[PDB]
Every structure is written in C-alpha cells, then in structure tokens.
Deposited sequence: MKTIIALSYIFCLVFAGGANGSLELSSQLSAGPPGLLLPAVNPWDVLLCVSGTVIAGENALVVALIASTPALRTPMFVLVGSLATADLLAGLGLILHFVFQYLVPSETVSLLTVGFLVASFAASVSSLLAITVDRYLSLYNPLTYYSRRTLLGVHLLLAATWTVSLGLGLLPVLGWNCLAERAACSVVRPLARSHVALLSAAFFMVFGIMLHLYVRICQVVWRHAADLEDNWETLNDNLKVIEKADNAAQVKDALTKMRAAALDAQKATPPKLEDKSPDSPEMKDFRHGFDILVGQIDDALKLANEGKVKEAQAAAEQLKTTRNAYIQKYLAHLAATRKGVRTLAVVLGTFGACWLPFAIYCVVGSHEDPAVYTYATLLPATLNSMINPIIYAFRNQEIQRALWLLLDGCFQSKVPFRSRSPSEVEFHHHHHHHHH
C-alpha cells in the first residue's frame, strides 16, 4: 500500500470537476447566444475549475505513474494558478451581479463589456503569476525548513496566497451584503405597494361618500406604479409587470369617471380592478417565493464557499511541514469540492445553459 488514499480521492474529485466543467465550457463555446459579460464570466469560472480538475489528475499521474519531482513542481504551480483563477473568477462574477443590480440601465453599455475584459485579463494574469513564482524558484526545494504544508511551496509564498484569498473573500462579503440589501429593498417595496393597493381597493368597495373614492383611487395609482418599479425589468420578464400596466389603465378609467362626477360609476369599477388584481395574485406570490429562495441561495452558496476554503486557507498559514499530511488533505479536499458546486450554481441552473444542453443532447 504505497498509494495514499487521499491522492486517489483527489484524482476522483478532479475527474468529476473536469467532467462537469468541460461540459459547461463546451456549451458556452458552441452557443453564440452565450457571449454576454455574464456568460464570459461563467466561462472563465468553468475554465478555471476545468483546469483545476485536470490538474488534480495530472498531480496523481506525475506522482505515481511518471515519478518526477520536476513535473510535480509544475503540477503544484499549475494548481495554484488554476485555483487562483477560480477564486478570482468568482469575485468577478460577484462584481458583475452587483453592477447589474445597482445599475439597471447603465449596466447595459460598452463600459461593462470592456470592464469584464480588463478584469479577467488582470485576474488571470495575476493567477498565472502566482503559480509561476514557485516554478521559477520561490519554493522550498532547497530549504526544507521553509516548506509549507503543501509541498514544495514555501511558507512565505503560501502566506501570500492566503492573504490574497482573505482579501478576495472580504470583498465578496461586501458585495454580498450590498446585493442582499437591494434584493430586500425591492421585495419590501413590492409587498408594501401591493398591500396598500388592496387596502384602498377595500376603501372603494366600502366607500360611503365620493371624497373617499377619489382619494383611494389616487393612492391606488401611485401604489400600482411603485409596485411596478420594484419589480425587476424584463431584459435588455415583463408579464407580471404588464399586469400593473392595465391596472394603472383601469385606475385611470375609474379616475376619469370620478372627475366627471360619475363617482358611483367609478366605485363600481372596483369589481373590475379586483378581478384584475386576483388574476395576478399567484404571480405575485410566486415572485415573492422566488426572491425568498434566491436570498437563501445567496447565503448558502457564499457560506459553502467559506466552509470549503477557510479551513484550508487558515491551516495553510498556521500549520507547518512537520504536520502529518492528512491534515492538509482533509482541509484541501473540501476546497476542491467547491469546484464541483460552482458549475451547478453558476452554469447549470441558468436557463440558457440548460437550453444549450438540450440542443446538445438532441443532436441539435
């Protein structure tokens, strides 16, 4: 028993990672529709995870099948660059999601596409550099007292890697809270205006004087428009939104009658407003149910990223080369599992990626 079980587990993990992310890469590459900034970023993440998966397999190969210290230095440097590129790609994705939420219009501009190009060129340039430094000689091959828990990386180089991870993670947390903030605000405004919409509709049905009817119709018009704004836009869906378009229209019809002195007729028009409102009551509950689920996903995915990488990042600066290798393996394996989760969260859950997959399975 000279093969270490953990090395086999990493090879298995790398195989799953490579297979998952190779499929994502193939789907985006062969689908001209998937060329927006968002998908350029997903393709970068998938490529990095693909490279990291292959790297785990290669590390096994040149440890056990072609024993080579030199090529093992290359494989570890390869993995440093691949995981750096994956973590930095997650940062870039998060930046993009922030910008699309905070700039519902100016996000769709030439600057945004330029920004992804420059950001990815920079993250990949830095990622490669980080893996190239040990290959060029910033390693512990000469001085074994300077070895980190991941051979043959030098403790000082690994400290830099962990510092970069902590900074990247801190930025993601900042963006996460801002994203969370915007999603909560819009959901709160939608639920507010929807409730006031219903309140005034009851005022109409129970009105006893004409002043109440006009007042309630005036508030319904404002609430309808505010509820529309809080709904995310179609693109660059708008069916739930267009439900408010015909509500404003009906409210304007009732207001016209009320202003001409036909308040009885304006009140009776609430039956039609209640009919309209009831038709979109499910789309409203479904939208609130989707945002709720999305918020949960946000936190779960970021928490899982932290649970997978933080123990490793911490142990890499606290541990030393004297520790048994199992503690490096036990903290490294979860970090690799995150590269199995990434394609599911950022690629396979996307409807356009699923469509490309359907066209691929069905022979186009």
item: Stretches of the record's deposited sequence for which the structure holds no C-alpha atoms; value: 1-38, 275-282, 411-436
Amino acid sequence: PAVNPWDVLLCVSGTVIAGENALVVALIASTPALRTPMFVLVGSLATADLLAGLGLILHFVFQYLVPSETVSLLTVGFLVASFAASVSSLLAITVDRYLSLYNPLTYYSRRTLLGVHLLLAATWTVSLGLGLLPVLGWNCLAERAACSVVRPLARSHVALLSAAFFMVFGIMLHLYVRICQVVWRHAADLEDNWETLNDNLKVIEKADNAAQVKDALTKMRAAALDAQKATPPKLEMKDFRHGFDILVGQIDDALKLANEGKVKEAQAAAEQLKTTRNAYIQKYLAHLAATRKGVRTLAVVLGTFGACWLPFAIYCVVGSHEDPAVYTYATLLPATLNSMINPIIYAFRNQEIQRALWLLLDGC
From here on, numbers count along this sequence of modelled residues.
query	finding
Selected stretch [higher average CA B-factor]: 294-302 or 47-55	294-302
Segment of higher mean CA temperature factor, 349-357 or 11-19	349-357
Per the PDB entry, maximal CA B factor within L247, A121, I171, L161	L247
Top residue by Cα temperature factor, when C147, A92, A270, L73 are compared in the entry	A270
Relative C-alpha B-factor of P232, binned into the chain's lowest, middle or highest third	highest
Assigned third (lowest, middle, highest) for the C-alpha B factor of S82	lowest
Relative C-alpha B-factor of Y280, binned into the chain's lowest, middle or highest third	highest
Among modelled residues of the same chain, the CA temperature factor third for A210	highest
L27, C-alpha B-factor rank within chain (lowest, middle or highest third)	middle
